[PDB]
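K.L.:
Following this message is one structure expressed as structure tokens.
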Amino acid sequence: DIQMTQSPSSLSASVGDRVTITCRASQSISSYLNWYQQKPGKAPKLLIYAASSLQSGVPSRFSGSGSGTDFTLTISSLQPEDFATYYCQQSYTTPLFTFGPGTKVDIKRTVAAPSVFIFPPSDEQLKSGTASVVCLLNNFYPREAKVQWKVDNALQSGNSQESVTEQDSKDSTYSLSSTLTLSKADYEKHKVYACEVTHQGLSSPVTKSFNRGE
Amino acid sequence: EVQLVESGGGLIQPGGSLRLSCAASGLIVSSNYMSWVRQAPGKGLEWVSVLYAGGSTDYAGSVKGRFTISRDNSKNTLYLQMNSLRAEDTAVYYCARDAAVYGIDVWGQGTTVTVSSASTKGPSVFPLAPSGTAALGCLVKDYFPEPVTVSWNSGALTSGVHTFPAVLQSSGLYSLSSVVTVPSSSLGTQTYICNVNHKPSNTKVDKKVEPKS
Amino acid sequence: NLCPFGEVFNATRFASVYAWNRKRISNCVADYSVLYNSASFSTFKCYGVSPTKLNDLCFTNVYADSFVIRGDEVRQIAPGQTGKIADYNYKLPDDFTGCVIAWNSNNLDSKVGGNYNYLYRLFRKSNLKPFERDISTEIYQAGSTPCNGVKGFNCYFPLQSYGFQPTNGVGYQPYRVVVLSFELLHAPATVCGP
Ligand SMILES: *[C@@H]1O[C@H](CO)[C@@H](O)[C@H](O)[C@H]1NC(C)=O
């Protein structure tokens with residue numbers, strides 16, 4: 001079989017640039033390669049078929065090249081509606097096609113560190129017998145950021161979930177929440193609840209925390 | 001015109017079954033490689049099964065012996081019969097016409113299939129209290145099924161608001177938070193209320209959020 | 001005289017699976033164990049017949065069909081199989097009585113950067129009947145409006161090229177295939193073993 005890899009994963013670019021996405025097959029698949037655009041909530045649009053052929057009605061700025069193992073989707077002048085996710089798919093084993101993982105093209109912006117905020121469980125939710133501790137990283141660019149939970153300076157692993165907003169309409173920033181979920185019984189038994197954020201716009205990791213009586 | 005028009009997904013318990021429907025117009029599904037493709041939340045495109053113009057079929061390892069692709073050429077419709085459904089199959093299902101070397105050029109709009117044994121349940125709204133600029137918000141916890149809508153002060157508060165997407169917990173229940181940043185000077189003087197609506201359970205909640213001590 | 005199995009097996013060029021070749025063997029003697037007694041072959045399954053009990057048997061006609069496909073496609077040269085090859089290229093009857101022989105030919109049939117000589121039919125409207133042979137090059141009509149000889153939306157050229165690259169894994173390499181079919185009619189049987 002043929003697995004597919006995509007190079008950038010996430011790529012930052014501005015209106016008018018020449019953006020280049022890469023794709024690669026575990027085998028030599030000739031020109032049996034197709035490119036797709038996808039936006040949140042909609043279906044894939046076929047952009048390039050047979051590695052170079054521009055599809056009916058797709059703007060001329062979409063060039064496609066490559067053959068064999070490595071391929072390239074090129075956009076000659078990135079447009080405002082071009083910000084999306086681009087996949088490659090292989091036809092060699094048609095009709096059992098495998099797709100790539102994707103490259104997301106977001107809107108480039110000056111680097112912007114997160115504003116970090118920590119929220120202890122409400123006294124109201126503690127009656128229900130479970131505790132939710134929230135960490136917010138607000139208005140950050142670029143999308144890549146790392147949140148570590150420490151409870152009493154011991155790092156937590158399988159107890160947190162994250163969520164991120166689509167890129168702001170006007171910030172072009174991202175926000176991220178992380179929720180650490182314990183039982184009241186557990187939460188009772190520890191003092192320092194801390195949230196440590198590493199990001200490219202922070203010189204060292206920022207830690208915001210609280211103690212249980214405060 | 002050229003279009004695939006899908007229908008037929010929704011809620012179903014594990015072990016139940018559904019029947020997806022791809023109404024073709026602008027191509028003949030009996031003259032085509034017609035595939036079903038699914039996309040798990042945030043996870044990209046995975047092929048599920050094929051209908052060869054000649055009538056042979058293939059399936060993905062996972063669905064093999066639980067799903068059944070079929071067609072009815074009088075109605076020009078592709079069909080997917082999903083039996084013995086499991087929570088993993090939870091995704092959006094597209095139908096497409098695979099033109100192979102020429103690409104997958106025609107996709108249906110997608111229909112969403114949620115497999116869950118969860119009872120439908122309205123959220124609890126807990127306050128995320130304030131402690132320059134201050135941040136506050138609402139934990140919209142333990143609801144099902146999607147979706148939920150959050151606004152602040154009934155529409156009078158929009159700047160600096162972020163309503164994150166839901167996560168799905170190991171309970172089969174969704175939860176999300178909505179936050180907003182406001183001047184810390186308004187903290188003792190400006191009323192901040194979050195308005196949570198969840199139609200599947202006919203639940204509306206408001207919650208004043210204020211500092212504690 | 002001996003049967004021309006040499007001309008079929010050792011032929012300098014093999015056909016594209018879609019226009020598979022058929023050599024009919026008649027009035028001759030054949031040693032079918034000097035075939036099976038070669039380790040040269042990667043598949044040598046016989047259905048309806050035993051490969052040893054072959055020099056003990058006469059037939060009225062033997063048929064040597066040959067073509068090239070991909071190694072992952074050799075599974076479909078078997079009774080009861082589906083996929084681009086079996087459905088649109090070369091089908092064997094459910095009651096097949098014969099032998100399918102195949103050997104890897106990466107050294108002879110893949111050129112650096114692609115051998116675009118060998119082709120397979122990618123588009124058809126209906127599966128082939130057994131031992132049927134479709135040589136049409138007409139534009140394939142996937143729509144309801146006709147195509148009139150031009151590639152375009154819903155109008156597909158029906159033959160494509162296996163891009164044989166010699167570096168690929170063994171699954172996507174060329175394999176040469178000879179299908180030996182043994183028929184018994186009510187007429188003087190002329191193809192005997194010794
Ligand atoms: C093909 O050639 C080799 C010698 O180069 C020979 O041993 C073999 O028998 C030949 N095949 C047939 C069918 O005679």
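If you're wondering about the labels, chains in the structure tokens are A, B, ... by order shown, residues count from 1 in each chain, ligands from 1 in order shown.
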What lies within 7 Å of segment 174-178 of chain C using only C-alpha atoms, ignoring chain neighbours under 2 positions off, as a PyMOL selection string?

P.N.:
chain C and resi 64-71+100-106+109+164+172+180

K.L.:
For a quick test of understanding: name the residues of chain B lying within 7 Å of chain A when counting only C-alpha atoms, and present them as number ranges by chain.

P.N.:
B: 44-45, 47, 50, 100-105, 107, 109, 126-129, 164-165, 167

K.L.:
Can you spit out the residues from that selection as an mmCIF file, in the first residue's frame, using C-alpha atoms?

P.N.:
data_model
loop_
_atom_site.group_PDB
_atom_site.id
_atom_site.type_symbol
_atom_site.label_atom_id
_atom_site.label_comp_id
_atom_site.auth_asym_id
_atom_site.auth_seq_id
_atom_site.Cartn_x
_atom_site.Cartn_y
_atom_site.Cartn_z
ATOM 1 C CA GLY B 44 -9.300 14.038 7.432
ATOM 2 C CA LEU B 45 -10.656 11.899 4.606
ATOM 3 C CA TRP B 47 -12.353 5.976 2.076
ATOM 4 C CA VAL B 50 -16.833 1.615 -3.695
ATOM 5 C CA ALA B 100 -9.767 7.964 -10.901
ATOM 6 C CA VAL B 101 -6.927 9.455 -13.005
ATOM 7 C CA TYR B 102 -9.074 12.514 -13.461
ATOM 8 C CA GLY B 103 -9.744 13.021 -9.732
ATOM 9 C CA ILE B 104 -12.677 12.833 -7.358
ATOM 10 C CA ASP B 105 -14.501 15.737 -8.983
ATOM 11 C CA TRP B 107 -18.796 15.477 -3.876
ATOM 12 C CA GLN B 109 -22.749 18.029 0.656
ATOM 13 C CA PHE B 126 -20.775 27.034 35.859
ATOM 14 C CA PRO B 127 -19.102 30.433 36.223
ATOM 15 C CA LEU B 128 -15.447 31.020 35.351
ATOM 16 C CA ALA B 129 -14.920 34.027 37.789
ATOM 17 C CA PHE B 164 -14.605 27.398 21.992
ATOM 18 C CA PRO B 165 -15.721 24.257 20.152
ATOM 19 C CA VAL B 167 -14.854 18.553 23.365
#

K.L.:
Would you write out, as JSON lines, a table of all residues in chain C that have an atom no more than 8 Å from an atom of chain A, listing for each the closest atom pair and the distance in Å to one decimal, considering only C-alpha atoms and ordering rows by chain and rising residue number?

P.N.:
{"residue": "C:113", "atom": "CA", "partner": "A:68", "partner_atom": "CA", "distance": 7.7}
{"residue": "C:114", "atom": "CA", "partner": "A:30", "partner_atom": "CA", "distance": 7.3}
{"residue": "C:163", "atom": "CA", "partner": "A:30", "partner_atom": "CA", "distance": 5.6}
{"residue": "C:165", "atom": "CA", "partner": "A:28", "partner_atom": "CA", "distance": 6.6}
{"residue": "C:167", "atom": "CA", "partner": "A:28", "partner_atom": "CA", "distance": 7.6}
{"residue": "C:168", "atom": "CA", "partner": "A:27", "partner_atom": "CA", "distance": 5.7}
{"residue": "C:169", "atom": "CA", "partner": "A:27", "partner_atom": "CA", "distance": 7.3}

K.L.:
Would you list which chain C residues are within 8 Å of chain B using only C-alpha atoms, as a PyMOL selection string?

P.N.:
chain C and resi 82-83+87+124-127+141-144+154

K.L.:
Step by step, measure atom-to-atom distances between ligand 1 and each residue using only C-alpha atoms and all ligand atoms, keep those at most 10 Å, then write them as a JSON list (two decimals) with N, CA, C and O atoms, in the first residue's frame.

P.N.:
[["chain", "number", "residue", "atom", "x", "y", "z"],
["C", 2, "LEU", "N", 6.80, -30.95, -30.73],
["C", 2, "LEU", "CA", 6.48, -30.37, -29.43],
["C", 2, "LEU", "C", 5.67, -29.10, -29.59],
["C", 2, "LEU", "O", 5.67, -28.45, -30.64],
["C", 3, "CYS", "N", 4.91, -28.78, -28.54],
["C", 3, "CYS", "CA", 3.98, -27.64, -28.63],
["C", 3, "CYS", "C", 4.78, -26.36, -28.46],
["C", 3, "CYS", "O", 5.79, -26.39, -27.76],
["C", 4, "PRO", "N", 4.39, -25.25, -29.12],
["C", 4, "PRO", "CA", 5.14, -24.01, -29.07],
["C", 4, "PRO", "C", 5.03, -23.23, -27.75],
["C", 4, "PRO", "O", 4.78, -22.06, -27.79],
["C", 5, "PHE", "N", 5.23, -23.90, -26.62],
["C", 5, "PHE", "CA", 5.07, -23.25, -25.32],
["C", 5, "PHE", "C", 6.23, -22.28, -25.17],
["C", 5, "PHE", "O", 6.10, -21.32, -24.42],
["C", 6, "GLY", "N", 7.33, -22.56, -25.85],
["C", 6, "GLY", "CA", 8.42, -21.60, -25.84],
["C", 6, "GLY", "C", 8.01, -20.24, -26.37],
["C", 6, "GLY", "O", 8.24, -19.21, -25.72],
["C", 7, "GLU", "N", 7.40, -20.21, -27.56],
["C", 7, "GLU", "CA", 6.96, -18.96, -28.17],
["C", 7, "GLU", "C", 6.07, -18.16, -27.24],
["C", 7, "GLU", "O", 6.07, -16.92, -27.30],
["C", 8, "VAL", "N", 5.26, -18.83, -26.40],
["C", 8, "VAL", "CA", 4.35, -18.11, -25.52],
["C", 8, "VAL", "C", 5.08, -17.64, -24.27],
["C", 8, "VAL", "O", 5.00, -16.46, -23.90],
["C", 9, "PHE", "N", 5.82, -18.53, -23.62],
["C", 9, "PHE", "CA", 6.42, -18.18, -22.33],
["C", 9, "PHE", "C", 7.62, -17.25, -22.49],
["C", 9, "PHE", "O", 7.73, -16.24, -21.78],
["C", 10, "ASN", "N", 8.53, -17.57, -23.40],
["C", 10, "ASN", "CA", 9.76, -16.82, -23.55],
["C", 10, "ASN", "C", 9.65, -15.69, -24.57],
["C", 10, "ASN", "O", 10.67, -15.16, -25.00],
["C", 11, "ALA", "N", 8.43, -15.32, -24.96],
["C", 11, "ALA", "CA", 8.27, -14.31, -25.99],
["C", 11, "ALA", "C", 8.97, -13.02, -25.59],
["C", 11, "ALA", "O", 9.02, -12.67, -24.40],
["C", 31, "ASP", "N", 5.05, -31.26, -22.76],
["C", 31, "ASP", "CA", 5.56, -31.72, -21.47],
["C", 31, "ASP", "C", 5.24, -30.65, -20.42],
["C", 31, "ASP", "O", 5.94, -29.65, -20.31],
["C", 32, "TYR", "N", 4.16, -30.88, -19.66],
["C", 32, "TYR", "CA", 3.69, -29.94, -18.64],
["C", 32, "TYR", "C", 4.38, -30.12, -17.30],
["C", 32, "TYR", "O", 4.08, -29.37, -16.36],
["C", 34, "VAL", "N", 7.89, -30.29, -17.24],
["C", 34, "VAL", "CA", 9.08, -29.49, -17.53],
["C", 34, "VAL", "C", 8.72, -28.01, -17.46],
["C", 34, "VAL", "O", 9.56, -27.13, -17.68],
["C", 35, "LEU", "N", 7.45, -27.73, -17.21],
["C", 35, "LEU", "CA", 6.99, -26.40, -16.85],
["C", 35, "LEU", "C", 6.92, -26.26, -15.34],
["C", 35, "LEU", "O", 7.65, -25.46, -14.75],
["C", 38, "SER", "N", 10.07, -25.95, -12.86],
["C", 38, "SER", "CA", 10.90, -24.76, -12.83],
["C", 38, "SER", "C", 10.51, -23.92, -11.62],
["C", 38, "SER", "O", 9.32, -23.62, -11.42],
["C", 40, "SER", "N", 11.23, -20.98, -11.51],
["C", 40, "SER", "CA", 11.20, -19.65, -12.09],
["C", 40, "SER", "C", 9.89, -18.91, -11.80],
["C", 40, "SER", "O", 9.87, -17.68, -11.84]]

K.L.:
Using only C-alpha atoms, can you tell me which of B:79, B:152, B:67, B:93 comes closest to residue 194 of chain B?

P.N.:
B:152

K.L.:
Output as a VMD selection string all residues of segment 1-193 of chain C that backbone DSSP marks as strand (DSSP E).

P.N.:
chain C and resid 21 to 25 28 to 29 43 to 47 58 to 59 61 to 70 98 to 104 119 to 121 140 to 141 155 to 156 159 to 161 174 to 183 191 to 192

K.L.:
Those residues you just picked out, can you put them in a file as a compact mmCIF listing (two decimals), in the first residue's frame with N, CA and C atoms?

P.N.:
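Printed below is out35.txt as written:
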# COMPACT_ATOMS: atom_id res chain seq x y z
N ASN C 21 -3.16 -11.56 -25.23
CA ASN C 21 -2.82 -12.39 -26.37
C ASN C 21 -3.35 -13.79 -26.18
N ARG C 22 -3.75 -14.42 -27.29
CA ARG C 22 -4.24 -15.80 -27.26
C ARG C 22 -3.52 -16.62 -28.34
N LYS C 23 -2.65 -17.53 -27.92
CA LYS C 23 -2.05 -18.52 -28.81
C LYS C 23 -2.78 -19.85 -28.64
N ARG C 24 -3.34 -20.37 -29.73
CA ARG C 24 -4.07 -21.64 -29.72
C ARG C 24 -3.12 -22.77 -30.09
N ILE C 25 -3.03 -23.80 -29.24
CA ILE C 25 -2.14 -24.95 -29.45
C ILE C 25 -2.93 -26.11 -30.03
N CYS C 28 -0.06 -31.39 -31.44
CA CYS C 28 1.32 -31.43 -30.92
C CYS C 28 1.40 -32.15 -29.58
N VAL C 29 2.62 -32.40 -29.09
CA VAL C 29 2.86 -33.04 -27.80
C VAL C 29 3.47 -32.03 -26.84
N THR C 43 3.63 -17.61 -9.20
CA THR C 43 2.38 -18.33 -9.03
C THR C 43 2.28 -19.44 -10.06
N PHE C 44 1.71 -20.59 -9.65
CA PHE C 44 1.45 -21.72 -10.54
C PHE C 44 0.29 -22.53 -9.98
N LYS C 45 -0.88 -21.89 -9.82
CA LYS C 45 -2.09 -22.55 -9.34
C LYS C 45 -2.87 -23.13 -10.51
N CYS C 46 -3.30 -24.38 -10.36
CA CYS C 46 -4.14 -25.03 -11.36
C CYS C 46 -5.50 -25.33 -10.74
N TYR C 47 -6.55 -25.01 -11.48
CA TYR C 47 -7.93 -25.16 -10.98
C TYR C 47 -8.62 -26.11 -11.95
N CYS C 58 -4.96 -35.98 -22.78
CA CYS C 58 -5.11 -35.36 -24.09
C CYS C 58 -6.26 -34.35 -24.04
N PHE C 59 -6.16 -33.31 -24.87
CA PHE C 59 -7.22 -32.33 -25.03
C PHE C 59 -7.36 -32.02 -26.51
N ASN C 61 -8.07 -28.93 -27.71
CA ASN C 61 -7.40 -27.65 -27.88
C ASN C 61 -6.89 -27.18 -26.52
N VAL C 62 -5.68 -26.62 -26.52
CA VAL C 62 -5.15 -25.90 -25.37
C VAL C 62 -4.98 -24.45 -25.78
N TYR C 63 -5.24 -23.52 -24.85
CA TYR C 63 -5.12 -22.09 -25.11
C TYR C 63 -4.11 -21.47 -24.15
N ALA C 64 -3.12 -20.76 -24.72
CA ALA C 64 -2.12 -20.00 -23.98
C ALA C 64 -2.46 -18.52 -24.12
N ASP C 65 -2.99 -17.94 -23.04
CA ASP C 65 -3.26 -16.52 -22.95
C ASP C 65 -2.16 -15.88 -22.12
N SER C 66 -1.68 -14.73 -22.58
CA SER C 66 -0.59 -14.06 -21.88
C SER C 66 -0.80 -12.55 -21.92
N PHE C 67 -0.29 -11.89 -20.88
CA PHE C 67 -0.42 -10.44 -20.70
C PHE C 67 0.40 -10.07 -19.48
N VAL C 68 0.53 -8.76 -19.23
CA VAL C 68 1.23 -8.26 -18.05
C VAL C 68 0.25 -7.48 -17.19
N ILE C 69 0.31 -7.70 -15.88
CA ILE C 69 -0.44 -6.94 -14.88
C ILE C 69 0.50 -6.63 -13.72
N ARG C 70 -0.05 -6.00 -12.67
CA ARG C 70 0.66 -5.69 -11.43
C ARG C 70 0.56 -6.87 -10.46
N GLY C 98 -8.06 -25.24 -15.78
CA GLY C 98 -6.83 -24.75 -16.39
C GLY C 98 -5.82 -24.33 -15.33
N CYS C 99 -4.81 -23.58 -15.78
CA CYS C 99 -3.68 -23.21 -14.94
C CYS C 99 -3.31 -21.76 -15.17
N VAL C 100 -3.03 -21.04 -14.08
CA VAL C 100 -2.57 -19.65 -14.13
C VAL C 100 -1.13 -19.63 -13.65
N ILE C 101 -0.23 -19.17 -14.51
CA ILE C 101 1.21 -19.15 -14.23
C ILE C 101 1.71 -17.72 -14.39
N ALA C 102 2.55 -17.28 -13.45
CA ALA C 102 3.01 -15.90 -13.44
C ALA C 102 4.34 -15.82 -12.72
N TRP C 103 5.18 -14.91 -13.19
CA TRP C 103 6.53 -14.73 -12.68
C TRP C 103 6.85 -13.24 -12.73
N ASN C 104 7.68 -12.78 -11.79
CA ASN C 104 8.02 -11.36 -11.73
C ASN C 104 8.89 -10.99 -12.91
N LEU C 119 -0.79 -1.16 -20.65
CA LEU C 119 -2.03 -0.46 -20.36
C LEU C 119 -3.08 -1.42 -19.81
N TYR C 120 -4.04 -0.85 -19.09
CA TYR C 120 -5.18 -1.59 -18.56
C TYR C 120 -6.43 -0.74 -18.77
N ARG C 121 -7.56 -1.40 -18.99
CA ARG C 121 -8.81 -0.66 -19.13
C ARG C 121 -9.29 -0.26 -17.75
N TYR C 140 -15.10 7.04 -23.01
CA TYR C 140 -16.07 6.44 -22.11
C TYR C 140 -17.12 7.46 -21.67
N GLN C 141 -18.39 7.09 -21.81
CA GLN C 141 -19.51 7.99 -21.54
C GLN C 141 -20.06 7.73 -20.13
N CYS C 155 -16.34 12.33 -19.74
CA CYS C 155 -15.87 11.73 -20.99
C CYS C 155 -14.42 11.31 -20.79
N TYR C 156 -14.21 10.02 -20.54
CA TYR C 156 -12.93 9.52 -20.05
C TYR C 156 -12.29 8.64 -21.10
N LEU C 159 -8.34 3.77 -21.39
CA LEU C 159 -7.15 2.98 -21.14
C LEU C 159 -6.11 3.86 -20.48
N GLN C 160 -5.47 3.34 -19.43
CA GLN C 160 -4.44 4.07 -18.72
C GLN C 160 -3.19 3.20 -18.60
N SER C 161 -2.09 3.81 -18.18
CA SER C 161 -0.78 3.17 -18.18
C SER C 161 -0.34 2.81 -16.77
N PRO C 174 5.74 -5.20 -12.47
CA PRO C 174 5.11 -6.02 -13.50
C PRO C 174 5.32 -7.50 -13.24
N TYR C 175 4.27 -8.28 -13.46
CA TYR C 175 4.34 -9.73 -13.47
C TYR C 175 3.83 -10.19 -14.82
N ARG C 176 4.53 -11.13 -15.44
CA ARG C 176 4.05 -11.77 -16.66
C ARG C 176 3.19 -12.97 -16.30
N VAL C 177 2.09 -13.14 -17.03
CA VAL C 177 1.05 -14.10 -16.71
C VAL C 177 0.72 -14.89 -17.97
N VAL C 178 0.69 -16.21 -17.84
CA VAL C 178 0.24 -17.12 -18.89
C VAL C 178 -0.88 -17.97 -18.30
N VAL C 179 -2.05 -17.94 -18.93
CA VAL C 179 -3.20 -18.73 -18.48
C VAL C 179 -3.40 -19.87 -19.47
N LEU C 180 -3.24 -21.10 -18.99
CA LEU C 180 -3.38 -22.30 -19.80
C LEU C 180 -4.77 -22.89 -19.57
N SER C 181 -5.60 -22.88 -20.61
CA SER C 181 -6.95 -23.42 -20.55
C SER C 181 -7.04 -24.69 -21.39
N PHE C 182 -7.63 -25.75 -20.83
CA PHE C 182 -7.70 -27.07 -21.45
C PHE C 182 -9.14 -27.45 -21.73
N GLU C 183 -9.51 -27.54 -23.01
CA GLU C 183 -10.89 -27.78 -23.42
C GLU C 183 -11.05 -29.18 -24.02
N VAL C 191 -3.96 -32.43 -28.57
CA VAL C 191 -2.88 -31.98 -27.70
C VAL C 191 -2.67 -32.96 -26.55
N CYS C 192 -1.76 -33.91 -26.74
CA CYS C 192 -1.50 -34.94 -25.75
C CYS C 192 -0.17 -34.68 -25.05

K.L.:
Might you pull out every residue within 10 Å of residue 207 of chain A, with only C-alpha atoms counted and same-chain residues fewer than 3 positions away left off, and present them as a tab-separated table (two decimals) with N, CA and C atoms, in the first residue's frame?

P.N.:
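part-v2.tsv, written as the output of this step:
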chain	number	residue	atom	x	y	z
A	116	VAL	N	-2.44	34.58	29.55
A	116	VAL	CA	-2.78	33.33	30.23
A	116	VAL	C	-3.60	33.62	31.50
A	117	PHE	N	-4.69	32.87	31.66
A	117	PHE	CA	-5.63	33.03	32.77
A	117	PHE	C	-6.03	31.66	33.31
A	118	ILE	N	-6.09	31.53	34.64
A	118	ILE	CA	-6.48	30.26	35.25
A	118	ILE	C	-7.73	30.49	36.09
A	147	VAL	N	0.57	23.58	26.64
A	147	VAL	CA	0.00	23.81	27.97
A	147	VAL	C	0.34	22.61	28.83
A	148	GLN	N	1.04	22.83	29.93
A	148	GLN	CA	1.26	21.77	30.91
A	148	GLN	C	0.50	22.07	32.19
A	149	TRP	N	-0.20	21.06	32.72
A	149	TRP	CA	-0.77	21.14	34.06
A	149	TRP	C	0.20	20.56	35.07
A	150	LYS	N	0.37	21.28	36.17
A	150	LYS	CA	1.05	20.79	37.36
A	150	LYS	C	0.07	20.92	38.52
A	194	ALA	N	-1.64	24.70	38.96
A	194	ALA	CA	-0.87	25.58	38.11
A	194	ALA	C	-1.00	25.17	36.65
A	195	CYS	N	-0.87	26.17	35.79
A	195	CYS	CA	-1.00	26.02	34.35
A	195	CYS	C	0.21	26.73	33.72
A	196	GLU	N	1.05	25.97	33.00
A	196	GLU	CA	2.32	26.47	32.47
A	196	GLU	C	2.29	26.41	30.95
A	197	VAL	N	2.41	27.58	30.32
A	197	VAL	CA	2.25	27.74	28.87
A	197	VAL	C	3.61	28.07	28.27
A	198	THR	N	4.03	27.30	27.26
A	198	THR	CA	5.19	27.66	26.45
A	198	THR	C	4.71	28.04	25.06
A	204	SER	N	10.30	32.75	28.25
A	204	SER	CA	10.31	31.52	29.02
A	204	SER	C	8.87	31.14	29.29

K.L.:
Applying 8 Å and only C-alpha atoms, which residues near residue 13 of chain A remain after dropping the ones on its own chain fewer than 4 positions away? List them as a PDB file with C-alpha atoms, in the first residue's frame.

P.N.:
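Output below, filename out_3.pdb:
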ATOM      1  CA  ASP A  17       2.501  35.397  -1.634  1.00  0.00           C
ATOM      2  CA  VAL A  19       2.775  29.412  -1.351  1.00  0.00           C
ATOM      3  CA  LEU A  78      -2.547  33.712  -2.533  1.00  0.00           C
ATOM      4  CA  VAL A 105      -2.697  27.632   5.297  1.00  0.00           C
ATOM      5  CA  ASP A 106      -3.542  30.338   7.806  1.00  0.00           C
ATOM      6  CA  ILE A 107      -3.212  34.122   7.791  1.00  0.00           C
ATOM      7  CA  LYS A 108       0.199  35.469   8.744  1.00  0.00           C
TER       8      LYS A 108
END

K.L.:
Do you know which residues are at most 8 Å from segment 182-188 of chain A counting only C-alpha atoms, after dropping those on the same chain fewer than 6 positions away, and could you put them as a list in words?

P.N.:
residues 126, 129, 130, 131, 132 and 159 of chain A

K.L.:
Go ahead and dump the residues you just picked, N, CA, C and O atoms, as a JSON list (two decimals), in the first residue's frame.

P.N.:
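The resulting selection-v3.json:
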[["chain", "number", "residue", "atom", "x", "y", "z"],
["A", 126, "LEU", "N", -18.56, 22.18, 42.65],
["A", 126, "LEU", "CA", -17.94, 21.24, 43.58],
["A", 126, "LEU", "C", -18.98, 20.44, 44.35],
["A", 126, "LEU", "O", -18.71, 19.31, 44.77],
["A", 129, "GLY", "N", -19.75, 17.27, 42.89],
["A", 129, "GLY", "CA", -18.76, 16.27, 43.22],
["A", 129, "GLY", "C", -17.61, 16.10, 42.25],
["A", 129, "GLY", "O", -16.80, 15.19, 42.44],
["A", 130, "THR", "N", -17.51, 16.95, 41.22],
["A", 130, "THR", "CA", -16.40, 16.93, 40.29],
["A", 130, "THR", "C", -15.86, 18.35, 40.15],
["A", 130, "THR", "O", -16.58, 19.32, 40.37],
["A", 131, "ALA", "N", -14.57, 18.47, 39.82],
["A", 131, "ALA", "CA", -13.92, 19.77, 39.74],
["A", 131, "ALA", "C", -13.35, 19.96, 38.35],
["A", 131, "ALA", "O", -12.64, 19.08, 37.85],
["A", 132, "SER", "N", -13.62, 21.11, 37.74],
["A", 132, "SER", "CA", -13.08, 21.46, 36.43],
["A", 132, "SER", "C", -12.19, 22.69, 36.59],
["A", 132, "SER", "O", -12.66, 23.73, 37.07],
["A", 159, "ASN", "N", -5.67, 13.76, 31.95],
["A", 159, "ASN", "CA", -6.82, 14.35, 32.67],
["A", 159, "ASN", "C", -7.23, 15.67, 32.04],
["A", 159, "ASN", "O", -8.12, 16.30, 32.61]]

K.L.:
Please report the interatomic distance between atom CA of residue 36 of chain B and atom CA of residue 22 of chain A in Å with one decimal.

P.N.:
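Distance between the two atoms: 26.1 Å.
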